[PDB]
There are 2 protein chains.
Amino acid sequence: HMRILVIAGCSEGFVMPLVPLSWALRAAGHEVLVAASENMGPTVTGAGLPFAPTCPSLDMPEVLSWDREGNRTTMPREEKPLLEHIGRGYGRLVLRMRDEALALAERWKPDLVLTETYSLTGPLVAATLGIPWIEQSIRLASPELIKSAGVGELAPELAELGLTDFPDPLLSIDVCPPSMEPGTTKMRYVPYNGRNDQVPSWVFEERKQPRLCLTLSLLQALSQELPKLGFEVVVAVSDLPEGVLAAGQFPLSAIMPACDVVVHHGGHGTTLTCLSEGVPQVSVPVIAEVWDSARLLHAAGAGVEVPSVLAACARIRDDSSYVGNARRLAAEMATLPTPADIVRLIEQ
Amino acid sequence: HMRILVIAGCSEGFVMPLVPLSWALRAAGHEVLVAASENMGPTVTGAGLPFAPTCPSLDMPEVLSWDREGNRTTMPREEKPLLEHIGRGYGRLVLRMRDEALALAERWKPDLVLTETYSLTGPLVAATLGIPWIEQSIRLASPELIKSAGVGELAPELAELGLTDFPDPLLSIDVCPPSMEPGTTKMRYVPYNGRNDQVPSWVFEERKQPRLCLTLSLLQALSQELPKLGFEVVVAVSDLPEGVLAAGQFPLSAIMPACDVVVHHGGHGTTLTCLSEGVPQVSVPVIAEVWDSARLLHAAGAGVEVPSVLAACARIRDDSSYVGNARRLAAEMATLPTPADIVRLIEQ
C-alpha cells in the first residue's frame, strides 16, 4: 500500500498521458492524488481521478513569454536556442506551482511522486521532502536540451536544498518503440484521449471506403478538399461538406480502428495513439518540442511529416508501405511492458 | 491482449463498482468497452471509460413494477418472496438490454464479458456468443435467491440457446472480508464513488473534533440534531445549520479519512467504502437487497444497523470497539488480492 502524488502540467496533452499509469497504481490498491493547475481539474476528474489544484488557471504561453525578471521574451528561430527557451519556460512553470504543491505534499504525505519529464515541480517537491520520484516520458522523443535548460533555470531553488541537480528518479520510463530510436525502462503506451463518449455508430459498422480522420479555413479547407482524393472524412474536434461523415469530438482512441489515415497537428498523444493503433499518419507539426517525434516518425516510414498535405495523403493512400510500417510499430509497442507491469516494478 | 465487454446496470451504484476492475484491465493493455443504459453514459465516461448504450434511459422501479405480461406488481412484505420479486425484476431488465447488447457484441467481438452478479445481460450475451464471462460481486452479501429468481424469469430466453441455466463464470469474484461471512475468488474492494472533484481544504487540514459524514426534513433534520452530540457534520450529497461544516457532493472516498463516523442509507458502495477505510458506520437501510449487508455489518461490531439514529452515533462516539472493529476489517480487506492481481488471474 502506497501514497502517490501525481504532479502534472497545465495543458491536457501533458495531463492525460499520465492517466493510465495513475489508474494502474490505483488498480494495484495504491492511493493516488493528481495535482495540477486549477484549469486541469475537469480533465483529471473526467478521467475518474482525484484532483487538487497547485496554482490558478494557466496556459504555457503565459509563462513562456516572460522571464524571471518580468521581461518579455521572444522565440529563437534556430532550433537549439529555441529548445533552451522552451526549457526555461517549463522551469518557470515550477515557480507558479511549487508553493501549493509542496504544502499539499506536507499535508498529504506521499511516499512517491509520479510526474512527466518536463513537469519539474515533481522532482523538486520530492527532493524537498526526501522521497523517491518516478519519471514518465509522454513523447516519442524528449530533447535533453529542454530538461537541462529547465534544471538550469531552477538553479536558485535547488541551492536552497543544497543541490545543483535533481536527485535521480527511482524509475525513468520511456514509450518510444526500440526500433525507432538510457537508464530507462520501456513501457507500452496505453492511449487516453477521452472526456465524454459514445463510440458512434459507424465505428462499429462497416467501412465501404478509405477513411481519414483530421483532428479562411485550414480545418474547413482540408475538410472539403480531402474527400476528393477518395477519402470519407471524419473530423474529431471540439469546434457539412459532402465527403465528411461526422462532426464533433470523438473518443479518438476508440474511433481509431475505424480509419486508414490520420492527418493531425503533430501532438505527442495523437502521434503515440496512431502508432499504437497501427494507423499511418500525416503530421503537420506546429509546436517545436514535437519536431523530434515527427522526424522519428517520418524516418520509420509510418507516416509523412509536412513541415502539400493532400500530396501526403494520396501518397499514403497508394503506398501500402505506410500501413505496413505503422502496424509493425504498433505490434512492436504491444510487446512492451504494460502500465500494470511497471507498477510491479515500482513497488519493488 | 484481450477485448472485454463490461455489461453494467441502469443505476450508478451498479456501474461505479465495476470501474476499478475495468481500469485494471485497461492498465494491463486490454481493450475495454462499458455497455449500459443510456442514462449511465455520463457516469461511465466520467470514470474515464469508453461507453456504449444498450437501451434508452431507465430506472429499476420502471422494470420492477411491471411483469412480463404487462401486469402491475407489488412488494411482498415477507423477506423471502420479496427477494424473488427483486430477482425477477433484474431478469426483466435483461429483456430491455439484450438486443442492443448482443448486436454490439457481434460487431465489437469481445473475448470476454465482465459483469455484476445481478446484471444477467452479461451471462446471456456470453452464452449466446460462446465466450467466457466474469462475475463480480458489488455487495457484502448477495442472496442466491435474487440470482436464482432472475435466472428463472429468463427461462424462455435460455431455451432459445438450448440451456436451462447460464454457463459458469470463468471467475466469480467476492469482496466480503473472510472473517465476516463458494467457488469464488476474494478481491480487495477499491472504492470508486467519484464524479467531479477537488479534495476540499479541510480534508487535508486538522480535525479539532469528532467529525461525522451524512451522505419535513430527515437530511435537514439529522443535519441540525447531530452536531448536538458533539459532532462537526459534513453532508456529502448533491441537493447552513450551525454544526455542519460543508454542503455539496464530495469525493466520498477522498473525504473518508477526514472523519470518525458515517451515517448513511445502507448502500452497497458506501458500506464497502467505509469498511475499506476503517470508519464505523450508522446504516439506516432502505432497499431490501442491502438488508443482508447491514446485518453482517452489525454482527461484526463495525457499525450500527438502524432498521434512534442519534442513539447509534452517540453509542459509537463513546464505544471505541466500533472504530477498532472497522479498522480490523479494513486491515483484513487490505490483505486481499487487488484488482490488478485479479487481472493476472483472468489472463491465465
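Residues numbered from 1 in each chain as written, not as in the entry; some residues may be left out. Chains lettered and ligands numbered in written order. Heavy atoms only, no water.

Per the deposited record, X-ray crystallography is how this structure was determined, to a resolution of 2.3970 Å.

1. Topic: the relation of the copies chain B and chain A
If you rotate chain B by 180° and push it 0.0 Å along the axis, it lands on chain A with an RMSD of 0.0 Å. Overall, the copies show the geometry of a two-fold rotation axis. Counting the interface residues of chain B, we find that 100% of their copies in chain A are interface residues as well, pointing to one common contact surface. (Least-squares fit on C-alpha atoms. Contact = heavy atoms within 4.5 Å.)

2. Some remarks on the interface of chain B and chain A
Listed per partner, the contact involves 38 residues of chain B and 38 residues of chain A. Surface buried jointly by chain B and chain A totals about 3000 Å² across both partners, of which 57% is contributed by carbon and sulfur atoms. Considering only the surface of chain B that becomes buried against chain A, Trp23(B), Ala27(B) and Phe204(B) emerge as the three largest contributors, covering 20% of it. Applying the counting rule to chain B against chain A returns two salt bridges. The salt bridge involving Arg107(A) is made with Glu205(B); its shortest N-O contact spans 3.2 Å. Summed over the shared surface of chain B and chain A, the number is 12 residue pairs in polar contact. Among the secondary structure elements, those contributing two or more residues to the side of chain B that touches chain A are α2 (19-27), α3 (41-46), β3 (51-55), α5 (79-108) and α16 (339-346) of chain B. Here the side of chain B that touches chain A gets six residues from one element, more than from any other, and that element is α2(B). In terms of residue class, the side of chain B that touches chain A is built from 21 nonpolar, nine polar and eight charged. (Buried area = accessible area lost by both parts, 1.4 Å probe. Salt bridge = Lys/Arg side-chain N within 4 Å of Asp/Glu carboxyl O. Polar contact = N/O pair within 3.5 Å; in protein donor to acceptor, adjacent residues only side chain to side chain. Helix = DSSP H or I, 4+ residues; strand = E, 2+ residues; numbered from the N terminus. Nonpolar A, V, L, I, M, F, W, Y, C, P; charged D, E, K, R; others polar.)

3. Focus on the sheet that holds strand β6 (residues 171-174) of chain B
Residues and elements named next belong to chain B. The strand order β3-β2-β1-β4-β5-β6-β7 describes an open sheet built from seven strands, whose pairing is parallel. Both edges of this open sheet fall to β3 and β7 (185-186), since each of them pairs with a single strand only. The strands touched by α2 are β1 (3-7), β2 (31-37), β4 (112-116), β5 (133-136) and β6; relative to β2, the strand with the most contacts, the crossing angle is about 155°. (Pairing = 2+ DSSP bridges. Axes fitted to C-alpha atoms, helices over the stretch in contact; angles between N-to-C directions.)

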